[PDB]
Ligand code: HEC
């Protein structure tokens, strides 16, 4: 075993950064860029496929993590929420093709972030 807590925080930090250009477009502070959006959705999908392998029970007493112990009492649900986000971002690469579809469809993707945080991340 190795520092999976450091690994997973690095990947989730990247996920956070991938949402930044999308938020900027939604705010009207950055112009629509289909390539940038595709890049962010692809990162979100790839990160979500990697994260399921980085939350071992032997790291529940890790010390520098915001992961809640609840994760290990509902692991199937936790794992599947990442699969849900991976599938949402993957579907969004096909459904988000212009600014209008970004505004109509991005919520389905981003809502998964809060859904998991409310149950499994420290506040
Ligand atoms: C559970 C299925 C999750 C999903 C879906 C998403 N996140 Fe999350 N995230 C989760 C946990 C358990 C944690 C704590 C990790 C730890 O070990 O401390 C996080 C953390 C983050 C972070 C902070 C990373 C850091 O630098 O320490 C960010 C920026 C973050 N998460 C972003 C984020 C986004 C943008 C998501 C949706 C696209 C998202 N997370 C989903 C659990 C889960």
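Just so it is clear, chain A uses Swiss-Prot numbers, and the residues here are 22-144, in order.
Each residue, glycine too, has its Cβ placed from N, Cα and C.
Listed features, source Swiss-Prot:
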type    : residues                  : note
BINDING : 29, 86, 87, 134, 137, 138 : heme c binding site
Maximum Cα-Cα separation (Å), residues 29, 86, 87, 134, 137, 138 listed as binding heme c: 17
Of 87, 134, 137 (the binding-site residues), the residue whose Cβ has the fewest other Cβ atoms within 10 Å: 87
Nonlocal residues around residue 29 (heme c binding site), in sequence order (Cβ under 8 Å, 6 or more apart): 72, 75, 76, 88
Set of same-chain residues at least 6 away whose C-beta sits under 8 angstroms from residue 86 (heme c binding site): 26, 30, 80
